[PDB]
Every structure is written in structure tokens, then in C-alpha cells.
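I have placed the structure first, in the form of C-alpha cells, so that the comments after it can refer back to it.
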Amino acid sequence: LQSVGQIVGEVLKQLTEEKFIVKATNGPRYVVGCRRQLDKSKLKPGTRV
Amino acid sequence: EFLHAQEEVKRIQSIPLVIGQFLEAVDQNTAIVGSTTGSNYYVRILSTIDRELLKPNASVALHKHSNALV
Amino acid sequence: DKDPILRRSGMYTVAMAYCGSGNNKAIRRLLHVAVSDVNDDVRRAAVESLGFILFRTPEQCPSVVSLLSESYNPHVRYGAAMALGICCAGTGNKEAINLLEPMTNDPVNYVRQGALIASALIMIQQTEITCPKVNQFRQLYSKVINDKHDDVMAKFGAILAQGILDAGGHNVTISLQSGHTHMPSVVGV
Amino acid sequence: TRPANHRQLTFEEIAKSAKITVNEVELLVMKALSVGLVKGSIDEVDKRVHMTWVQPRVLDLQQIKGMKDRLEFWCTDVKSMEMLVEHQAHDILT
Amino acid sequence: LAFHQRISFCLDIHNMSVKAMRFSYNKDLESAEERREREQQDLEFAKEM
Amino acid sequence: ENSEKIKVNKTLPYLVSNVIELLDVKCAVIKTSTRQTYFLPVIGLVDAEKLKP
Amino acid sequence: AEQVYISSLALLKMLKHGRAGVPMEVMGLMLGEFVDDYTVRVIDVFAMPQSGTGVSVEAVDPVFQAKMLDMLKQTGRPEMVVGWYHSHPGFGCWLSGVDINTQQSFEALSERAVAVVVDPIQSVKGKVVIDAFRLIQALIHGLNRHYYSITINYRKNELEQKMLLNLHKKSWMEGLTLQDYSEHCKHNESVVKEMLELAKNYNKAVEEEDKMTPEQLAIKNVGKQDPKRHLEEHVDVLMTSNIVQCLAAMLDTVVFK
Amino acid sequence: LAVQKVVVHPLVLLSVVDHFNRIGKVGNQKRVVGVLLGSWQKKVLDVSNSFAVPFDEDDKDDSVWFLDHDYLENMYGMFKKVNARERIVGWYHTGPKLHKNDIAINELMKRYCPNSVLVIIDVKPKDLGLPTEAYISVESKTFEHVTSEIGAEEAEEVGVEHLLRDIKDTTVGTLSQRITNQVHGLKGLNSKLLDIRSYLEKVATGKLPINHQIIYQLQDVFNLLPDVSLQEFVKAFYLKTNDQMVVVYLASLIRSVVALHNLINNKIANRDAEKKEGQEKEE
Amino acid sequence: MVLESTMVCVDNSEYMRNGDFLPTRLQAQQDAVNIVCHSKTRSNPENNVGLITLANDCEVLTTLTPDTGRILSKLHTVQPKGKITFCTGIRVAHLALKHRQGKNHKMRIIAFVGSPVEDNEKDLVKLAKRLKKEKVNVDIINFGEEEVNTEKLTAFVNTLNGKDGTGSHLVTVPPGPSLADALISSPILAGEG
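Chains L, K, N, O, S, M, V, U and W, in that order, are what the protein sequence lines are. Final position of the first sequence in PDB author numbering is 98; the numbers increase by one with none missing. Final position of the second sequence in PDB author numbering is 140; the numbers increase by one with none missing. Sequence positions in the third sequence follow PDB author numbering and run 573 to 750, 753 to 763. Final position of the fourth sequence in PDB author numbering is 376; the numbers increase by one with none missing. Sequence positions in the fifth sequence follow PDB author numbering and run 474 to 496, 500 to 525. Sequence positions in the sixth sequence follow PDB author numbering and run 75 to 99, 120 to 147. Sequence positions in the seventh sequence follow PDB author numbering and run 28 to 163, 190 to 310. Sequence positions in the eighth sequence follow PDB author numbering and run 4 to 142, 152 to 295. Final position of the ninth sequence in PDB author numbering is 193; the numbers increase by one with none missing.
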């Protein structure tokens, strides 16, 4: 119950390893970072996250 | 200290901001950008903003509520 | 001392030692100390204690603080108020006074609170078109005292600084080495 | 032995030292290199051997002394050099 | 030597100009009290909301 | 059980959302009546079968 | 008037764990002692494992906790649990109501227990953001209504600092090292060349702007790149970079012999 | 497998210190010991976290010792539950230099890790920087010395900067920094040379065994000694220095032009200023 | 009864390598341990014991605990024909007890003699001293050749001992079976503990 929704989006691109340009799948673009064990390598342009 | 205030403000940059495209700049330390959300505002530009690099419409880092150009 | 506390009282120590007559080196030390300390209160203090070793000449004290009047830091700008407010407490210099009125608008209420106080410490008996400014200064308190958006920092000093001016049925003064020192004068400060 | 900055040889020197007639002398040197013993080069035209460097073996007590003395000298350089660079540029320190 | 001598010249010309150039110097005070109050008011309003 | 469920469920505000992909890698994304896609890793109250686009 | 003193090791362990958890509000516990009614000292910290859900009451793991406690006893780190850290990455420092309930679950354990919120991401390199406080931007959540703020300081040592100084130091064999010369020459040949093209730029800006104002100025220089900050900035590299390289050699030649 | 450069985060430093003064362990006849978690996989070793290990030495001149294996394998997995990515690497003793049972117990830690490393934190700091020193054990089987560094991760950047702030260097630029780093290196050099010097004395006195392996290396130090204000070098340096002059003759110079231009602008502001002021003095 | 830390000293050695009564001495050691330790943890819960190997490679074979983890640990073997580390082993077992957990636990040691017992009397007694200094409880399991006795072991329990079980009590194990029955007598168990 406490558990919770998670926004969706495609990676527009990877600014830095952790810095990302992602257009919200439900709207505008944002500068954001990764998590950790997500695989900064996998994160790639147009990848839905 | 001069180095402090400059670094301390770094927080202003943050990390989870809202990209915007640059539009026009009323003049010194100001301009109108576009929001990816569709907003288009007169916003304030951080002294750091290595300006020179401000063509006519840049994809731009926007503070969220301070809503200004990072 | 690593600890502000010792450094802190050091100035006061230096004061009670060198209060009244200026020891430049002391002042010089006190300055550079206030200059050289991380902790602001110490500096604030260090600035405060100046007006003791700087007692006998309130003269340059405005010119003195006219630097510290204008500084990034509130504490500095805080410690300003007292010493000058102290040096001229039993004296004149609306000139000295007027320096503080901007500080009375320094965003930190605690600052102006001090400034409020510092003024009144000078302003007793000096009032009414002798010093026209007292009206505002008084009203400023009242203003603040009226103001809900001014703190109980702000109103605190205000009400007090008011009461300061009105201490001893407003008919009494504030005196210290105005002639020979009296330590009891100092102590309350 | 012919060191420090003084390692060079004619072919004659090696001949007399090794009692080898001087044609081989360059065979002897070349083979001295190919085993890793020496590094360096040969200039025939003038019949010299510049020996970049020579493999070091060992020594006894006395040979150490020269080492301590040599170190002392190259300590003196620093002390003086380092201690002599602060003055002009005392305005830069942290 | 010729180069060294020249450099000292440029430097001096840069030092003297920095010590002389360095001299309508007054009318200083950013921030404000009127505006600050306004800002405070705004904040209060926001809080209320 | 009944307690918190009523608080979370009792919330008569309900934003209907048309399911999209029912990833079983128990995950599943949905787009709201607000036209907003949220990947919920906890399908919560609602069996898989109940699930489909 | 009330305050807490947060030892260095605490604060660094703190920021480390927080910055490592992005962005799932981690949590852990705080080890310390209550000096008087006006003070709490936090000398130690240990980290509490994650869970399918964010920070909350049951997130506190008794087994884990005591299991750590005794373990530390053997090491002589015996001290009360004086508070609990936490992180609200990106959302500043405040307690959600859910933060609150848990804070109560630490009230009934000790009435003076405190809450510490750390904010990893925003926390800039300058003044690290940290906040400690206990119940009754942030005002939206009733900073003063349901709870109230406290103050913080840091217990120090002349050595601690001394270790940290070498943080941004250099190596050993350093100072005598001479970067590849040939490669350096490119910087001076390539750097000077790039400046050359600028030299004309500065000329055109002086001959142009020579007849204008600052408002008109913003139109010119917010657009393009004035060659002023380029010549002055560019000269910086050549100057110091060349001087260090020139100086380095001067020493190696005389010194190393 | 084979690794070269070792990286260390400042949190192991502060942690180990607090272990030192936490446990009141005398720096004369006693040391502190704990273990190290991080990443050993690649050809560097990134150290991040650490925790304290209770252990005893055998009176004076320890023949035996004790380290609690149960404490380890009880704590380890209790760290795993926190950040799983931090793997048990090696241990440390804060005692100035190495010791005797060191090489013995590293062999022990080979049970709980793969490669196993041993670094020594200097808790006294009375010496110069780099209180750490990094070591491994290779075959024989001695400790190879490794380079180290203090590499601030973002979080430690934030932490150390907020704190050390009241102690950091305030001069940045670039020239002051470099010219400092140098002299720091010169001081370093002079130290090493001492070391070798009086040692060799101990060689000639301190019952010097032999160490024909060191003496070889000293010789090789001499053989590598650049002599020689030779007609060759004298030209090299000369031809090089001039290149540097040309670059300097430009930078300094043009830079001076920039100040000049700026001065001109200032005179412009003054001239215009007095015109308007004196204007106003009319009425 | 007991609140104190203990150490179990096992020689797996020229005696333990060799069955002194079923199945081996070293094995005869084993269940006797648990037997003991059971009564030890029955003496009180929290009663802790060490387990260590001396020989040519003295070491702890498990330490600190209070339950099965020893019985766990002891489960695996040792060098069977090994040799005396006793002094060292003991001196370890001493230092062991110096780290004994949650003190107010007195120091105790229980020692199987599976070795010919090579040591010097002073060292032995220096131990005995060090023990008594440290204030260790010391009881020994010895079936030696002859036995190991009229020797260090005999002086030692004496030499440790001002007060018996605050310092030392001896039993020198006799030939044959009935270990748990045997030692039921000796203040290795029961009596003063």
C-alpha cells in the first residue's frame, strides 16, 4: 500500500554518466541522474525508463 | 569568501531541473526561455552562466520554482 | 583557544584589561582576531569589546565601524551596533547614530534589534528635535511593536530600547568613564 | 671504474686491457651488450665505445662510504636549492 | 635577457594601470527593506495557501 | 487489514487508468485518465487476470 | 539555545550512505550521549538496511539493531541511540507526517531523541545541508506547527583536519615531474594560434562597441563571445603552464646532477 | 588480477582515527586494527568503507596474537545487508610502520577475501601528508609497496569541503598551487636521501647484513644520474627556454594591453562622471 | 553457576591422533567437550568458551560464542598427529580471555593434553603466574604417556593457584573409557566450576 507509482520516460540522452536528458513520457524534458546499479552503460538514447 | 558564495550557490544548480530552450534576454541578467511544459517566462540568469554561449534558442537548464536559468 | 569561548571572552578580557584607553595593538589584535576568526559571534563579540578599549574615544568609532557597518556578515554588522552604541551611549553623534539606521534595516531582525538597542543606549535624554530622529526610532519600535511581521527579536529590542530610553522614568542617564571609570557601569553591558 | 661521467673507450684500451687483438674488440663489446651486461654504442670511425650504462654487482664496507658521501653531496643540493627557492616567492605559499 | 626585460615592462604597465585605474566611487547597497517585506508577505501568503 | 485499506481505498477519489503493458518481469504500466503513465511495481489490489490492457 | 554536536566521522558516514542510496530515502541510527537539557552529542552512526518500502517504523530492524549494538560493545563504542538519520533527496529538509509518526516511536524510547534529515543531492560542495530537530519551504509542512528546528555544530580535532588537508594534495614523485615537452609545445603553438584568431576579434569589438552603451552592449555580448575574456583567460594557461614547466626544468638541471 | 594504483576515500581515514581515539590505544606499545571494504575487481583498488576489528597482541614482542573470525563473519554480512556492493578486501593497522605478525595474518585474511591488501593509516599525522601507505604481499612473500591517493567521491567532496572549509587553501589560481607543489616535492626528496644515507651507515655500523639487492639499486640510481652540462644538453635546454620566452613575451604583453584598454574605460567613466556632477552643481 | 569465559584447548596430537578410548582420543575429546560445554552452557547460558589449536600452527579453531557454534566449529578435524603449542596455545587462550565478551565473565580454560608436553617450568609458571595475574580459571584434560604429570601440569595447576577455581583445578585423564564418568569426579566439571 505505501508502495508507489514510478514515472516513465525515454532517455533523450545521457548528459553525463549520471546526468540525463529525459523527456517525461507524460510531458516535458528534465535534467536527471541515474541510480547506481542501473547500468549507466545500458541507459541510452530513446530508452524507456 | 568570494570563492565561498560562488560555490555555495552551486546548490541553485541542483540536479533534477527542467530543461528549457532559450528564447530572448530582455537585457543584463534576464531573458525569456521556453519551458518544455509550455511555459515561457522572464527568468533570471546565474552570474555563472558562461554567457557567450547563449545563441538565440538554447536547450537550457532551468531551476524549477526559482524557475531561472541554470 | 580552539574554542570560541576562550577567544570570545579574550576580547572581553582584553576589554576589562584595556577598556577605556585604546591599546592599538590590543585593538589591532582584536581587529585581526575578529578579522581572523571563523566564528562570527567571537568577531561580533570582538567588535563589541572594541568600544570598551575604544570607550574613551567614541570619536572614530563610527569611522571605525564604518567599515564593519558595511560587511557581508550580520554578526559583524551585529557587533558593530553595540560598541558604537556603547561608546556614544552616554554621548552624542547622530552621525554615529545614523550609521546604524541602515543596520536597523539589516534583514536580520536580531541585527536591527541590536541596532534598536544600540541607538537607544545613546539616545536617552537626547531626544525631541535636539534629536528629531528619536521620533522614528521610537515609532520604529512602535512600528515594529505594531508589526506582526517583525520578530520578537525585533520587538524585543524595540520594546526594550524603548524602555531603555524610558528607564528611570526616562529621567536617568547612562554613564561610564565620562572624570573616571566606574566598572559597575560597564558590567550590565 | 672509469666513472662517473668518463665512460668511453678506444679500441686499443680494450685490446690491452683484455689482451685481445683489436678486430674482435667490437665482437667482444657487441656480445657484452647482447647478454644485457652493457648498454651503449660503438663508433668505429673514431674507434670509441660510449657505454651508456653498466650492470652493477656488489661491494664491501669501504665501497659504501663513497655512497654515503655521494648521497651527502646530493643532499646538500636540495637543502640549498629548496631552502633557496622560498625567499623570492615567499608571497606564494599555502 | 631581452625577453625577460620586456616581460617586466608589460607587468609594470599592468601593475601601474591596476593601481591607478583602480581610482564616481560611491552609492552602494544592493538588497532592500521595502522589497524584502514584499517577499516576506508573498511567502506568508504561500504558507497560508 | 480493514483499517488502512479503508483509508487508502475509502478514498472515493478514483483516477481511472487504462492499463497498457502487463509486464511479468508482477510489474505493469498504466496511463491515467489524466493522460499520465506511471509504472507501478505493485499492481496492488487487482489480480493479474484482472489485468490486461 | 539547544544544540547538537555532530562528530566528523558521523557526518561523512552520513553523507556517504545518503549519496549512495539515491533516491530511496535510506535511514540509520545515531549513537551519542545527552550532556544536559541543552545538548545532544552524536559521535557515531550505523546504517539501517533497505526495504521494499521507504523509511518507516518497521524499517527499523530490532534484530539488526541489537546485533550491531553488542558488536560495537566489543569495540567499546557503547552509547545510547540518540536519534535517527534519514534523507529526503531533492526535497530539502523537513519531516513528512510519516517521518513524524516514526519520530514519535523514538519519543517514547527517549523524550530527547532527535530527527536528522540529510539531503544528499542538493547538498552542495560548499555548505553541506543538514538538519536536526524534533516534534511538538519547510513551513508548508509546519516547520513550527507539528515540530520545531534545532541547531548543529561539529566536534573537531587538529589531526582529523590534518588528514583531510592532504585530500586535495598531490603525490610524492610529484613536483619534479616534467610533462612531455614535445606535447607541451603543441599547447603553446596550438594555444597561441587559437588566440591569434581572437586577437582580431578584440580589435573588431573595440572598433565597434567603441560607439555604444551597456544596454546595447547586452545585445552584442549575450549573443556572441567577446574576445576579451578569451585573451585574458587564454594568457592564463600560457603564463602559469609555461612558468611551471620552465621552472621545473631549471630545478631538475641544477638539482638532479 | 594484478593491480597497480590504489585509491582511498577519506571516510576510512576518519573512521580509523575515531577507532584510535575511541579505543584509547597508545601509539607507543600498541596499535589499532580493522578491515576494509571496497572494490578489488579491476587493476586498481577503490577503498571506500571500513570497520574496527577487536584483537590482541601477545604481551610485549608478540609471538602469537588473536583476531576474532566470528566478529568478522558476523559483521561482514551485517554490512552486506546495507550496501551489498562493498566487498571485504583487506585490513589495516594504524601502527606507524609494518610489524612481524603482519605477513602472518594477511595470510589469514586470504580466507575471507581474494587478493587481500594491507594499508597503514598514520594516526599521529606529525609527519607530512599521506598518512596512509598501501601494501600487498607477493612472492619469499614480502609486502610490495603501492601508490595511494585520497579520492573524494561526491559525498566526500561535499563533506570535506563543508568541514575542512575552515582550514583549506584560499589561494587557487594555478601558479601558486603549482609552485607550491614543487617545493613540497623538494622537501620530499631531501627526506628520502637522508633515509638511504644513514641507513647505509647502519650498513657500515648497524650490523648491516648485506642487501646486495639494495646496493645494486643505489648504483642504478647513480648510473641514471643525468650528468653533464654537455655541449648537447646545454643546447637542448637553451633551445627550449627560448620557445618559452616567445610564449611568455606574448601572454604577459597582450595581457598588459588588456589592462591598458580597461584603464582607458575607467578614465571614460570618470570623465563622464565629473561632467554630470559638475553639471548638477549648477542646479 | 558459572558466569565466566572459558577456552577449550585441544591438542590433536600424538595422543589425539591415537584412540585413547572410543573412537579416537581426538574423537573422545569431542563429545566430552559438548558434554562439558553443555553443562557449561547449562552452568549458565552466556557461559562462553574458546577453542584453539597449538601444535606447529597454534590458532583459534572457533572463539567467543555460547551455544552450538563451537560444536559447529569443533566439527571439523585438525592436524591429527600435531604437536605442542600449549604454552603459546595457552598464552593465546590467555589473550583470548583478555577479549572475552561482556566481562564480569571470569577467565577459564579447559585443556586436552594430547602432546608429550614440551615446555619449561618457569615459562609454564609464568603462564600460571600470568593466569593468576589475569585471574583465569584453569582445568586441564590430560592423558599422557605415562601420563603428562610429575611434570609441568602438576606444578602448574598448583602454580596458578591461590584460590582453586578462581585459578586452577587439575584432572589428569586415566587410561580406559568413561570420560564423562571419569571427569564427573574431577573439577574439570561440577564441584567448583
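By construction, the Cβ of each residue, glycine as well, lies at the ideal position given by its N, Cα and C atoms.
Item: Beta strand (DSSP E) containing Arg-78 (chain L): first to last residue?; Value: 78-81
Item: Taking 8 Å as the CB-CB cut-off, is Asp-342 (chain O) touching chain V?; Value: no
Item: Is the region 687-701 of chain N touching the region 658-676 of chain N in the sense that three or more CB pairs, one from each, lie closer than 8 Å?; Value: yes
Item: Could you give the first and the last residue of the continuous beta strand (DSSP E) run that contains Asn-142 (chain W)?; Value: 136-142
Item: In chain V, what lies closer than 7 Å to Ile-179 (chain U) by C-beta?; Value: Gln-214 and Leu-218
Item: Under 9 Å between beta-carbons, which chain U residues line up against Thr-376 (chain O)? List them in chain order, please.; Value: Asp-181, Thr-182, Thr-183, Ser-188, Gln-189 and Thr-192
Item: Between which two residues does the beta strand (DSSP E) containing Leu-187 (chain U) stretch?; Value: Unbroken run through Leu-187 (chain U) is the alpha helix (DSSP H), 187-216; no beta strand (DSSP E).
Item: For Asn-52 (chain U), write down the residues that DSSP places opposite it in a beta bridge.; Value: U:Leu-40
Item: Find the residues of chain L that neighbour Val-49 (chain V), judging by a C-beta separation of less than 8 Å, and give them in chain order.; Value: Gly-82, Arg-84 and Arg-85
Item: Applying a beta-carbon distance threshold of less than 9 Å, which residues of chain V neighbour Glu-122 (chain K)?; Value: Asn-274, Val-275, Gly-276, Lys-277, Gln-278, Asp-279, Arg-282 and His-283
Item: Any beta-carbon of chain M closer than 8 Å to the one on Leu-50 (chain L)?; Value: yes
Item: Please confirm if the region 11-23 of chain W is in contact with the region 114-131 of chain W, defined as three or more CB-CB distances below 8 Å between the two stretches.; Value: yes
Item: Could you check how far apart the C-beta atoms of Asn-645 (chain N) and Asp-678 (chain N) are, in whole angstroms? I think they sit under 8 Å.; Value: Incorrect: roughly 10 Å between the Cβ atoms, too far for contact.
Item: Give the single residue among W:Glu-134, W:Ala-128, W:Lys-135 and W:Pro-174 whose Cα lies nearest to the Cα of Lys-152 (chain W).; Value: W:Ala-128
Item: Which residues, in chain order, does the region 260-274 of chain U contribute to contact with chain S at a C-beta distance below 7 Å?; Value: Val-260, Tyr-261, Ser-264, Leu-265, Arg-267, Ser-268, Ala-271, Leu-272 and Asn-274
Item: Are the beta-carbon atoms belonging to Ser-34 (chain V) and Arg-208 (chain V) less than 8 Å from one another?; Value: yes
Item: Run through DSSP, which three-state label would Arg-267 (chain U) get?; Value: helix
Item: What did DSSP end up calling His-157 (chain U) once you bin it into helix, strand or coil?; Value: strand
Item: Just verifying my parser: in three-state terms, what is the DSSP assignment at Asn-645 (chain N)?; Value: coil
Item: Would residue 143 (chain U) count as contacting chain W if we go by Cβ distances under 8 Å?; Value: This model leaves out residue 143 (chain U); its place in chain U lies between 142 and 152, and no residues are given there.
Item: Quick one: what's got a C-beta closer than 8 Å to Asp-719 (chain N)'s C-beta in the same chain, skipping five residues either side?; Value: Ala-726 and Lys-727
Item: Label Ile-577 (chain N) either buried or exposed according to how many other C-beta atoms from any shown protein chain fall within 10 Å of its C-beta, with 16 as the threshold for buried.; Value: exposed
Item: For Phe-54 (chain U) and chain W, any beta-carbon pair shorter than 8 Å?; Value: no
Item: For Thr-88 (chain W), which residues from the same chain have a beta carbon less than 8 Å from its beta carbon, with the 5 sequence-adjacent residues on both sides left out?; Value: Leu-54 and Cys-58
Item: Against chain L, does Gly-79 (chain V) count as a neighbour if the rule is that its beta carbon must be under 8 Å from one of theirs?; Value: yes
Item: Is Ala-286 (chain O) close to chain U? Criterion is C-beta to C-beta, closer than 8 Å.; Value: yes
Item: Hey, could you find the ends of the alpha helix (DSSP H) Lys-273 (chain V) is sitting in?; Value: 267-274
Item: Considering only residues of the same chain and omitting the five flanking positions on each side of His-22 (chain U), which have a CB-CB separation below 8 Å?; Value: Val-35, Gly-37, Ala-55 and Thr-97
Item: Decide if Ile-276 (chain U) is buried, meaning its Cβ has at least 16 other Cβ atoms within 10 Å, or exposed.; Value: exposed
Item: Check the C-beta distance from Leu-139 (chain M) over to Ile-124 (chain M) and give it rounded, since I have them as a contact under 8 Å.; Value: No, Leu-139 (chain M) and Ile-124 (chain M) are not in contact; Cβ-Cβ is about 13 Å, not under 8 Å.
Item: Can you list, in chain order, the residues of its chain whose CB lies under 6 Å from that of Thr-172 (chain W), leaving out five sequence neighbours each side?; Value: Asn-142, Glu-147 and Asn-149
Item: Rounded to a whole number of angstroms, what is the C-alpha to C-alpha distance between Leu-70 (chain U) and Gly-165 (chain W)?; Value: 27 Å
Item: Any contact of the region 94-106 of chain W with the region 67-74 of chain W, i.e. 3+ C-beta pairs under 8 Å?; Value: no
Item: Give the DSSP bridge partners of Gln-30 (chain V), in chain order.; Value: V:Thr-66
Item: Using a Cβ-Cβ cut-off of 6 Å (strictly less than) and excluding sequence neighbours within five positions of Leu-131 (chain W), which residues of its own chain qualify?; Value: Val-138 and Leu-160
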